[PDB]
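Chains as they are written, first to last, in the authors' numbering: chain B, 11 to 165; chain A, 10 to 494; chain E, 10 to 494. Beneath this line is the structure, given in structure tokens, with notes to follow.
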Amino acid sequence: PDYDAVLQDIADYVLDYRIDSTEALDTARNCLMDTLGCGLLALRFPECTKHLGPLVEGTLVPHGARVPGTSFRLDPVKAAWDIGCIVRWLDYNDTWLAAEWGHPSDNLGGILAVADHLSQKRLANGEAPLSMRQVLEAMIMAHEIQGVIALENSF
Amino acid sequence: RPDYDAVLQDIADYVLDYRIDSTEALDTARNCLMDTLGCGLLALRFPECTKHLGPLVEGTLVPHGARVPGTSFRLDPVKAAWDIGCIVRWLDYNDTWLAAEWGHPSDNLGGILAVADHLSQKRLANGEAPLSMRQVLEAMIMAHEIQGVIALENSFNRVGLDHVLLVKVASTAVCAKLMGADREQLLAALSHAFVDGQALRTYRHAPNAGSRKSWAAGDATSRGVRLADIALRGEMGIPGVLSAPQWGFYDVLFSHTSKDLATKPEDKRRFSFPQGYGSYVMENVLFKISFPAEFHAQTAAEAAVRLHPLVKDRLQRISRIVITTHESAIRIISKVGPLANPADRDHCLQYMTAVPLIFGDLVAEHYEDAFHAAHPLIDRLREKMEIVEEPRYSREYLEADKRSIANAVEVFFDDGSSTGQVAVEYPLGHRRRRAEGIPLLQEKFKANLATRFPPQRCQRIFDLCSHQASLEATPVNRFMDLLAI
Amino acid sequence: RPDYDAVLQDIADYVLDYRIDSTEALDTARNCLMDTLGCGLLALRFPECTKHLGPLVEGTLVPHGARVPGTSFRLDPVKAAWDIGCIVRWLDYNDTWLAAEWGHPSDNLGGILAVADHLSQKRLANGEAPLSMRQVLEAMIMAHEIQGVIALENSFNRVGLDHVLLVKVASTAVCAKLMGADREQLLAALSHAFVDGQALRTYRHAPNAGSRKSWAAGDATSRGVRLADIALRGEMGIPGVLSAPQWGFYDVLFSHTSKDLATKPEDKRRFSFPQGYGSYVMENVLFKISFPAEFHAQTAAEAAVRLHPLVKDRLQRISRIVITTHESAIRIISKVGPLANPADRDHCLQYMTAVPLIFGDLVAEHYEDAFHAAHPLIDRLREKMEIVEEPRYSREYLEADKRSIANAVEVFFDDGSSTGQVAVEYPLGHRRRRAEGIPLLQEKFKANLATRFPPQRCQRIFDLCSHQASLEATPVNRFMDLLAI
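Have a look at this one:
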């Protein structure tokens with residue numbers, strides 16, 4: 011059996027869509043800023059900070075992903091947990107009101123940890139690293155997938 | 010803000026206060042540990058399995074990291090639990106609990122082993138004493154009990170959820186205990202396991218079946234570790250997670266039947282229990298030590314091996330074969346027609362009774378496609394089989410006293426006579442044949458050790474697992490050192 | 010203080026100055042690389058092999074460490090070369106050179122890959138370009154040539170020494186080249202390989218044979234890496250290591266035959282050569298791609314599978330089987346009488362001729378005492394087998410334009426009739442059948458890859474190894490990335 015159509019449409023958009031919107035790229039930049047400042051503010055709150063860091067103190071991850079405002083250096087899965095945790099902790103980040111409510115800047119967690127770790131690994135292999143343009147584009151796509159499914163489907 | 014729902018309090022007070030006093034529970038816990046580890050070493054021969062194992066970032070150094078049996082990995086306990094529970098379930102040779110829900114409680118060994126290994130290395134480095142394999146075995150018993158007892162009357166198959174959420178629930182509780190949780194931390198943890206997403210079981214059913222059927226359990230026991238660790242970091246719990254109207258587990262996930270979308274009756278919209286938590290599940294667990302066959306047909310095949318020398322001579326002159334069986338076996342494994350893959354012969358009671366009648370044994374190569382074609386007699390004997398339902402066999406299947414999987418076979422020749430009806434009520438992995446099974450289970454263990462370790466090492470490993478008192482006193486870290494690589 | 014012995018200078022000037030542009034050499038080296046790596050991956054299923062692998066101290070971290078294919082190990086290049094050489098040789102499925110000395114030049118890939126992987130990574134970490142796989146192919150060709158050309162006319166088993174010293178010398182040479190050695194450092198490195206100790210071959214001969222016959226080569230290419238590294242650290246050389254009176258290699262180790270402790274005539278107390286170094290060995294190398302049998306019997310087993318449909322149902326009418334063969338097969342694998350283990354059957358021409366004559370095939374399963382006993386026709390036919398030397402076959406076995414390995418089989422019946430004589434002079438893994446052999450070599454690589462990697466990784470590896478120009482331009486570190494875990 012073939013994949014359900016919904017999954018085909020997400021995949022074809024993700025792999026084939028060329029972003030041509032100067033406004034989407036400029037807003038994604040301001041969204042990066044806003045979301046990151048939100049994450050930095052959350053580090054004043056111990057109920058948030060008690061979740062951050064490595065599962066085992068003293069773990070060393072080669073080319074580990076960083077968490078903004080901290081000294082942590084982790085695998086992307088945990089770094090993404092921490093980053094998404096701090097930028098959403100105080101409920102100040104961006105919002106999408108539709109059939110389903112949400113905060114699509116939450117995906118910056120997975121985006122930033124994976125881009126940071128991958129960039130370091132490409133540098134160590136002599137290749138060029140990822141540019142922030144590729145995170146701005148990945149935020150536009152993550153916003154799009156979450157927010158468009160949100161238009162008429164309420165969970 | 011309510012108290013924690015009564016189901017959670019019950020799990021938490023068993024886990025914290027129950028004192029295990031069953032020599033038999035501790036003895037089959039040891040046998041289960043042997044059998045489960047041997048299934049995991051075996052799985053290291055399969056690339057589809059090993060592609061999941063190891064650190065998420067190559068070269069990761071983890072102080073006092075958890076070991077994965079048969080590998081050189083050293084991980085945090087969350088990924089080590091993923092890996093250990095992955096391999097021990099991959100080939101579906103580990104222990105089985107047949108109830109309202111089906112499951113494999115030895116799956117919870119992923120979380121137990123990983124957390125105990127890492128905690129023991131850490132306390133040893135602090136000048137404290139390590140944990141003992143005795144504490145692993147008791148964790149095994151309690152996890153079996155939580156998963157098996159909920160399984161007794163509550164079916165998640167019928168609400169379209171996979172059984173791995175009982176792995177998650179049990180692993181959370183028993184890993185929170187090993188980590189030192191007080192009652193309030195343990196309750197928070199359980200509550201997060203029930204608020205968590207619960208996997209569908211789409212990957213167990215054609216035409217979408219896939220290898221996730223083989224690692225769902227490692228993934229859930231891993232998530233138990235992580236959720237336990239969140240509770241030990243002090244995260245608040247969710248007291249009404251089951252009972253809350255509109256938002257609670259019961260209303261959202263346990264109130265509708267999957268086959269028809271029908272709402273369940275209001276009284277059936279809750280977990281029901283026929284007994285409390287003890288050590289019943291481990292004492293009564295089923296081991297896969299006999300012929301490779303579906304469990305409802307194991308006694309049938311054993312009967313067909315006893316009847317083999319009698320009907321070896323007069324195979325051609327056969328007119329009728331009666332297989333007296335129990336109800337569940339009829340619904341589940343009685344198939345009439347053709348079987349165009351080994352998975353169909355796997356679940357055909359008539360096929361698993363026919364082949365051992367003809368040849369005197371049932372091995373993995375009897376289910377092969379080409380082996381079927383080469384023997385037309387197999388299909389001819391299946392035609393002459395009629396499946397009779399004994400009303401005591403079926404009621405004794407559901408009896409807590411007995412938990413039988415009984416089958417009787419008798420073949421009538423065309424001349425008018427027949428072999429006596431040979432009835433086997435208890436398969437070789439059952440509680441009631443444990444004396445006879447333990448040799449088989451040890452043989453299977455030693456075969457599985459030999460696929461990963463050299464002779465010297467295999468003997469040292471089996472020697473340690475042979476001896477209850479010596480094994481129980483062994484530091485968990487010194488046990489894991491012996492199982493590494 | 011003399012110059013270096015001329016043999017050493019000839020090896021060095023070849024290693025430093027000879028340019029490799031032979032299209033066929035480079036294509037067969039790429040097939041050699043596939044076949045060797047797939048052999049090693051298969052060995053990871055064998056604990057007697059894997060018990061030797063990994064760091065000497067568990068948990069050691071090596072920055073820019075060399076990788077062992079199919080494992081998660083990251084080692085220094087000396088231990089890495091040991092493990093790679095150990096695994097690719099373990100099952101005796103890798104390539105072969107039959108001459109005055111027999112050997113498996115692909116054993117040197119252990120030293121080549123480990124050095125080239127480590128050095129690419131270290132060079133990347135200092136902003137230097139890494140090594141390319143083109144360089145490992147060229148190092149293989151040179152290592153094949155140094156070993157296989159010395160083996161043309163110099164027999165070391167006749168002096169009672171293992172042939173593995175030729176692995177040490179060749180691996181020393183090409184690893185010193187890869188490490189950047191100049192002529193004086195390469196000469197010193199070569200001189201330390203000859204002055205070094207040269208293993209006996211006790212472990213290859215009953216009643217003392219054992220599993221060091223499988224890892225002697227890995228041990229020798231590892232030692233070559235170590236001596237190359239000693240030379241690059243600037244250690245002075247030993248110029249008359251071979252020809253020094255009393256203390257030199259010639260007088261001490263190449264001066265006596267070990268059959269009779271008899272001294273050689275003076276003119277034969279040194280190495281002899283029929284040609285210089287080029288790309289001859291790799292172009293004419295032998296692959297094991299057909300039946301799993303000793304090389305002297307592969308054309309015998311082939312000539313029998315041909316004869317199988319003509320006899321498949323007249324087995325009790327066979328009265329005389331004539332096997333026309335060459336002098337080396339008679340001497341090494343012609344055995345009458347009982348065969349104790351599979352090793353006997355593995356090295357018994359009559360067995361490897363009788364089984365295919367009966368079952369149209371030959372696989373490892375046939376070397377099983379269980380299969381042997383199950384069919385008494387093997388020995389009935391073995392007792393009917395007349396072995397005859399063909400003078401031509403023995404001559405063409407030796408001639409450098411042919412390197413035949415020839416077996417003609419003829420089957421006679423009790424009524425006086427016969428099949429023809431089926432002659433196969435060249436096995437499938439021979440240069441003269443490259444066209445047909447390469448399909449089989451590639452399928453053999455694909456199967457072996459699949460015992461270790463899941464399907465998409467298997468596809469990436471096969472696809473990359475398939476394209477000469479693409480593989481050649483691949484950095485060694487990135488090639489080794491694909492083979493980890």
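We put the CB at the ideal spot given by N, CA and C, even for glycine.
query: Taking a cut of 9 Å between CB atoms, which residues from the segment 75-88 of chain E lie near chain A?
result: Only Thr80, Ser81, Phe82, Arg83 from the segment 75-88 of chain E bring a Cβ to less than 9 Å from some Cβ of chain A.
task: Count the C-beta pairs between the segment 157-175 of chain E and the segment 93-111 of chain E that are closer than 8 Å, then say yes if the count reaches three, no if not.
output: Put simply, the segment 157-175 of chain E touches the segment 93-111 of chain E. At least three CB pairs are less than 8 Å apart.
8 Å CB neighbourhood of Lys222 (chain A) in its chain, flanking five on each side removed: Correct list, in chain order: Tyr212, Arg213.
- prompt: So the beta strand (DSSP E) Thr59 (chain E) belongs to, where does it begin and stop?
  reply: Taken as a continuous stretch (DSSP letters only), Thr59 (chain E) belongs to no beta strand (DSSP E), being part of the alpha helix (DSSP H) at 56-59.
task: Consider the Cβ of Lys60 (chain E): report whether some Cβ of chain A lies at a distance smaller than 8 Å.
output: Output row for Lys60 (chain E): interface = yes.
- request: Can you say whether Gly49 (chain E) is buried or exposed, counting buried as having 16 or more other CB atoms within 10 angstroms of its CB?
  value: Buried: at least 16 other Cβ atoms inside 10 Å.
message: So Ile414 (chain A) and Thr308 (chain A) are supposed to be a Cβ contact under 8 Å. How far apart are they, rounded?
response: Confirmed, Cβ separation roughly 6 Å.
Buried versus exposed, by CB contacts within 10 Å (16 or more), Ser328 (chain E): It counts as exposed.
message: Using CA atoms only, rank isn't needed, just tell me which of A:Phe421, A:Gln144, A:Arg76 is closest to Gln430 (chain A).
response: Out of A:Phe421, A:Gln144, A:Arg76, the CA that lies nearest to the CA of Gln430 (chain A) is found in A:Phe421.
message: Excluding the 5 residues flanking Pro86 (chain B) on each side, which residues of the same chain have their C-beta closer than 6 Å to its C-beta?
response: These residues qualify, in order along the chain: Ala75, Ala123, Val124, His127.
- prompt: Just by C-beta distance, which residues in the segment 122-135 of chain E are closer than 8 Å to chain B?
  reply: In summary, the residues of the segment 122-135 of chain E whose CB is separated from some CB of chain B by less than 8 Å are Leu133, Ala134, in the order they occur in the chain.
task: Could you have a look at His265 (chain A) and say whether DSSP puts it in helix, strand or coil?
output: Assigned with DSSP and collapsed to three states, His265 (chain A) falls in strand.
message: Give me the chain E residues within the contact set of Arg326 (chain A), using Cβ-Cβ distance strictly less than 9 Å, ordered along the chain.
response: Within chain E, no residue comes near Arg326 (chain A); the closest Cβ sits about 28 Å away, beyond 9 Å.
- request: Check the Cβ of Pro463 (chain A) against every Cβ in chain E and list those closer than 8 Å, keeping chain order.
  value: Correct list: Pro56, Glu57, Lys60.
task: Use the C-beta contact count for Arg232 (chain A): other C-beta atoms within 10 angstroms, 16 or more gives buried, fewer gives exposed.
output: Counting the other CB atoms within 10 Å of its CB gives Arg232 (chain A) a total of 16 or more, which places it among the buried residues.
message: Once DSSP output is grouped into helix, strand and coil, what is the label at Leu295 (chain E)?
response: For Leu295 (chain E), the secondary structure class from DSSP, reduced to helix, strand or coil, is strand.
query: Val24 (chain B): buried (16+ other C-beta within 10 angstroms of its C-beta) or exposed?
result: Around the Cβ of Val24 (chain B), a 10 Å sphere holds fewer than 16 other Cβ atoms; the residue is exposed.
message: Which of the three DSSP states is assigned to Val420 (chain E) in this structure?
response: Of the three classes helix, strand and coil, the one that applies to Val420 (chain E) here is strand, per DSSP.
Close Cβ partners of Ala493 (chain E) (< 6 Å) along its chain, the five nearest in sequence each way excluded: Taken in chain order, the residues that qualify are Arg76.
message: Measuring CB atoms only, is the segment 47-65 of chain A touching the segment 88-96 of chain A, in the sense that at least three cross pairs come out at less than 8 Å?
response: Counting Cβ pairs under 8 Å, three or more are found: they touch.
query: Given that a residue counts as buried once 16 or more other Cβ atoms are within 10 Å of its Cβ, and exposed if not, what is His381 (chain A)?
result: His381 (chain A) is buried by the Cβ-count criterion.
message: Can you tell me which residues form a DSSP beta bridge with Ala432 (chain A)?
response: BP columns for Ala432 (chain A) point to A:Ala417.
query: I think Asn163 (chain E) touches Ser281 (chain E), with their Cβ atoms under 8 Å apart; what is that distance to the nearest whole Å?
result: About 7 Å; that satisfies the 8 Å criterion.
Identity of the residues DSSP links to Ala271 (chain E) by a beta bridge: In DSSP, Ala271 (chain E) forms a bridge with E:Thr266.
query: Can you give, in chain order, each stretch of the alpha helix (DSSP H) that sits fully within the segment 380-407 of chain A and has at least 4 residues?
result: Here the runs fully enclosed are 386-392, 400-406.
- prompt: Should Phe55 (chain B) go down as buried or exposed, given a rule of 16 or more other Cβ atoms within 10 Å for buried?
  reply: Burial call: exposed.
message: Mapping the DSSP letters down to three states, classify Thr37 (chain B) as helix, strand or coil.
response: The answer is helix: DSSP assigns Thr37 (chain B) an H, G or I state.
- request: Determine contact between the segment 366-375 of chain A and the segment 385-404 of chain A, defined as no fewer than three beta-carbon pairs at a distance below 8 Å.
  value: Judged by Cβ distances under 8 Å, the segment 366-375 of chain A makes contact with the segment 385-404 of chain A, as three or more pairs qualify.
message: Between the alpha carbons of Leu84 (chain B) and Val71 (chain B), how many angstroms are there, rounded?
response: Whole-angstrom Cα-Cα distance: 6 Å.
task: Out of A:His335, A:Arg132, A:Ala383, A:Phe454, point me to the one whose CA is closest to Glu399 (chain A)'s CA.
output: With respect to the C-alpha of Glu399 (chain A), the residue from A:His335, A:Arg132, A:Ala383, A:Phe454 having the closest C-alpha is A:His335.
field: Span of the beta strand (DSSP E) around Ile330 (chain E)
entry: Unbroken beta strand (DSSP E) run through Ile330 (chain E): 327-334.
message: When you compare the segment 452-471 of chain E with the segment 19-36 of chain E, are there three or more beta-carbon pairs, one atom per stretch, that lie closer than 8 Å?
response: They do not touch, by the three-pair rule.
field: the segment 11-20 of chain A in contact with the segment 36-50 of chain A per 3-pair CB rule at 8 Å
entry: A contact is defined here as three or more CB-CB pairs under 8 Å, and the segment 11-20 of chain A fails this definition with respect to the segment 36-50 of chain A.
- prompt: With respect to the alpha helix (DSSP H) encompassing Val364 (chain A), which residues constitute its N-terminal and C-terminal limits?
  reply: From DSSP, the alpha helix (DSSP H) with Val364 (chain A) extends over 358-368.
Beta carbon proximity, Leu70 (chain E) to chain A, threshold 8 Å: Closer than 8 Å to some Cβ of chain A, the Cβ of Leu70 (chain E) qualifies, so yes.
- request: Take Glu244 (chain A) and list the residues in its own chain whose beta-carbon comes closer than 8 Å to its own, dropping the five residues that flank it on each side.
  value: Cβ neighbours of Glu244 (chain A) beyond the five flanking positions: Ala197, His201.
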